[PDB]
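Below you'll find the structure, written out as structure tokens, and then a few comments.
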Amino acid sequence: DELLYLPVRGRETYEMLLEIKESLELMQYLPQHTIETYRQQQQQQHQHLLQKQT
Amino acid sequence: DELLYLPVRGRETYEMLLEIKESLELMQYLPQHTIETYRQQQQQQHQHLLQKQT
Amino acid sequence: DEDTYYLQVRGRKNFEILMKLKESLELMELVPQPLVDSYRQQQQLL
Amino acid sequence: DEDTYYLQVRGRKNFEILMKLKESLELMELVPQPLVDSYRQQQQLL
Amino acid sequence: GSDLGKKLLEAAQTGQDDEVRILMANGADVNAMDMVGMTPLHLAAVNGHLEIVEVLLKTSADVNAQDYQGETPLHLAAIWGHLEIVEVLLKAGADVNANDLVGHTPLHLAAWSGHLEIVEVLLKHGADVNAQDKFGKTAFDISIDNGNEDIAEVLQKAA
Amino acid sequence: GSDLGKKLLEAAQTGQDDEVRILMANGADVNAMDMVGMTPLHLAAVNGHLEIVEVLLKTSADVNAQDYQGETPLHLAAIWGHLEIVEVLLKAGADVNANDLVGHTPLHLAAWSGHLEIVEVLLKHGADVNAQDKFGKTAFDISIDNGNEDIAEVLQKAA
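Protein chains in written order, with the deposited numbering: chain A, 359 to 412; chain A', 359 to 412; chain B, 351 to 396; chain B', 351 to 396; chain C, 1 to 159; chain C', 1 to 159. A prime marks a further copy of an entry chain.
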């Protein structure tokens, strides 16, 4: 949990990294019941695999 | 092209952001002939769309 | 947005990064707005 | 890795971020190693 | 951070009662903080792990610890609807009027989520109905925004 | 940065000859730098845009400008096989022995890529065959690594 410092050239890259970093960190606030509901949804999504057809 | 500074808690997040940032910045070094070859490859990939079947 | 999109990516390590971010971006949406707001306020103070 | 992987993501804005990173991660592989090495050396000096 | 600290954070989050007790017995830092500054008590509160909350409240763990967003365990038990945990935190001296970085109290967050019974418990412990957030909003204001008219009635009556 | 500077960087990269001339006439900064510190001359060199390189070399643009990685336009024309651009950069006073952050010369990068004719031109302009990179490697060492035995013969004969 050391506070590291990422040098970023330019707004566009900085904002992209911020949005990603936000998404990574804010998962901590979710209860495991929420995580498990997501995981089951994701598992059921598999029952119907993606394939190149159309 | 201002030098902005992204505060990151922890190694794992920092390293993930570094790898993403690297990928974003190093595209600048590619010639447009390389970019166009990629874009055509990506376009031809469409001819066969992804769909949920199997 | 709520609807579902497909992509293809070359490279397992690329796929693993994208699946980690797919997860965090999808789960991010379940975080109550007030906690998102406190988080953005914190990033601002830095 | 060289082989192709599929994912699904909910949300257009999520899809747009992942497609931007799919592009940069796939193209990153075409960058000559010597330029990758100079770039990593620079990030180190900071 | 420490190694045991990270493990205690994950055990508390994932409800591993026995692993929490073993980690603590082996010296795990009850004040360890995750990447958003949450302690094991915060994570047990988020994740609805009553027994783990009760275990941590027997330690020197700060019931009013604030993460990097100003959230206390009580904020997080309140927003996620964990009534029994709200009760034990308040019994342990949780600040019922703790303010996070955007000026939300636990009452704001219980109002936002629509947890009527938690609003009633927070009020019983003297929750401040007049406390306004960054954007001028009381709990009563939020409960209106989110169509929680039932909480908006309880808050109006308290005002 | 500036607005015109970013546009000139994109016009040079994408080979928009007419747009480069219009941007320059309107005051676009020939020393503008992209996110990796490349100037329009670097980007014209990467992207193989000879006419745009020649236009920029009539300006006060530094033929030996270094990006944040220490790369000069000559490094980048060399690695990407742009023989005619290598020639005009050297005619304009490009440092044939410029060293980037990991100690690569343009000869290292032409060796790495397998651009024999560019190796021959760099040698004609007095490229240093003995210059060793961060990892101890000469051009001759690299050309071995990358199965460019033809360049390894040319470099051995120069040594």
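Note that the Cβ used here is the ideal one computed from N, Cα and C, for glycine as well.
Asked                                                                                                                                                                                        : Found
So, with DSSP's three-state summary, where would you put C:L109?                                                                                                                             : helix
Could you name each continuous alpha helix (DSSP H) segment of 4 residues or more that falls completely within the segment 72-133 of chain C', going from the start of the chain to the end? : 73-79, 83-91, 106-113 and 116-124
If you run the structure through DSSP and keep just helix, strand and coil, what is B:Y389?                                                                                                  : helix
Report yes or no: do the segment 31-49 of chain C' and the segment 76-88 of chain C' share at least 3 C-beta pairs separated by less than 8 angstroms?                                       : yes
Among B':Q358, B':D351 and B':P384, whose alpha-carbon lies nearest the alpha-carbon of B:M369?                                                                                              : B':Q358
Going by C-alpha to C-alpha distance, which of A':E360, A':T392 and A':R397 sits closest to C':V46?                                                                                          : A':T392
Taking Cβ-Cβ distances below 8 angstroms as the criterion, which residues of the segment 11-30 of chain C' are in contact with chain A'?                                                     : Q13, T14 and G15
C:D100 and B:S388 look like a contact to me (Cβ under 8 angstroms); what is the Cβ gap, rounded to whole Å?                                                                                  : 5 angstroms
Per DSSP, which one or two residues make a beta bridge with residue 443 of chain B'?                                                                                                         : Because chain B' in this structure spans residues 351 to 396, residue 443 of chain B' falls outside the shown range and cannot be described.
Taking A':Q405 as the reference, give the member of A:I378, A:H406, A:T412 and A:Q405 with the closest Cα.                                                                                   : A:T412
Mind checking A':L407: buried by the 16 CB within 10 Å criterion, or exposed?                                                                                                                : exposed
Report the three-state DSSP secondary structure of B':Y356 (helix, strand or coil).                                                                                                          : strand
Would you say C':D133 and C':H104 are within 7 angstroms of each other, going by their C-beta atoms?                                                                                         : yes
With 7 angstroms as the C-beta to C-beta threshold (strictly closer), list the residues of the segment 399-410 of chain A near chain B' in chain order.                                      : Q403 and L408
Along chain B, which residues have their Cβ under 7 angstroms away from the Cβ of A:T392?                                                                                                    : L380
C':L9 by DSSP, collapsed to three states: which one?                                                                                                                                         : helix
Can you pull the chain A' neighbours of B':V386, defined as C-beta to C-beta under 7 angstroms?                                                                                              : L384
State whether the segment 7-19 of chain C' contacts the segment 135-143 of chain C, with contact taken as three or more CB pairs (one from each stretch) at a distance under 8 angstroms.    : no
Within the same chain, show all residues whose beta-carbon is closer than 8 angstroms to that of C':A131, passing over the 5 residues directly before and after it, in chain order.          : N97, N99, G103, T105, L107, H108, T138 and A139
Helix, strand or coil for A:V366? Go by DSSP, reduced to three states.                                                                                                                       : strand
Given the structure, does B':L375 come close to the ligand NAP, in the sense that its CB is under 6 angstroms from one of the ligand's heavy atoms?                                          : Ligands are entirely absent from the displayed structure, and the ligand NAP is therefore not among its contents.
I'd like to know whether the C-beta of A:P389 is nearer than 7 angstroms to at least one C-beta of chain C.                                                                                  : yes
Which residues, in chain order, does the segment 87-114 of chain C contribute to contact with chain B at a C-beta distance below 8 angstroms?                                                : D100, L101, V102, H104, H108, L109, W112 and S113
Measure the C-alpha to C-alpha separation of A':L364 and A:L364 and round it to an integer number of angstroms.                                                                              : 5 angstroms
Quick check: the Cα distance between C':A92 and C':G48, rounded to an integer number of angstroms?                                                                                           : 17 angstroms
Considering just the uninterrupted stretch of the beta strand (DSSP E) at A:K410, what are its terminal residues?                                                                            : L408 to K410
Under 9 angstroms, CB to CB, which of the residues in the segment 34-48 of chain C have a partner in chain A'?                                                                               : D34, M35, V36 and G37
Distance, Cα to Cα, residue 221 of chain C' vs A':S381?                                                                                                                                      : Residue 221 of chain C' is absent from the model: chain C' starts at 1 and stops at 159.
Along chain B, in chain order, which residues have C-beta atoms closer than 8 angstroms to that of A':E377?                                                                                  : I367
Do we get a CB-CB distance below 7 angstroms when we pair B:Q392 with the residues of chain C?                                                                                               : yes
Step through the CB atoms of chain A' and report whether any lies within less than 7 angstroms of the CB of B':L396.                                                                         : no
Taking the alpha-carbon positions, what's the C':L155 to A:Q409 distance?                                                                                                                    : 50 angstroms
Count the other CB atoms, across all protein chains shown, that sit within 10 Å of the CB of A:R367; report buried if there are 16 or more and exposed otherwise.                            : buried
Identify which residue in C:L89, C:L8 and C:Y68 has its Cα closest to the Cα of B:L396.                                                                                                      : C:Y68
Taking a contact to mean a Cβ-Cβ separation below 7 angstroms, would you say C:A25 touches C:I52 in this structure?                                                                          : no
Using a cut-off of 9 angstroms between C-beta atoms, extract the partners of A':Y396 located in chain B'.                                                                                    : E373, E376, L377 and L380
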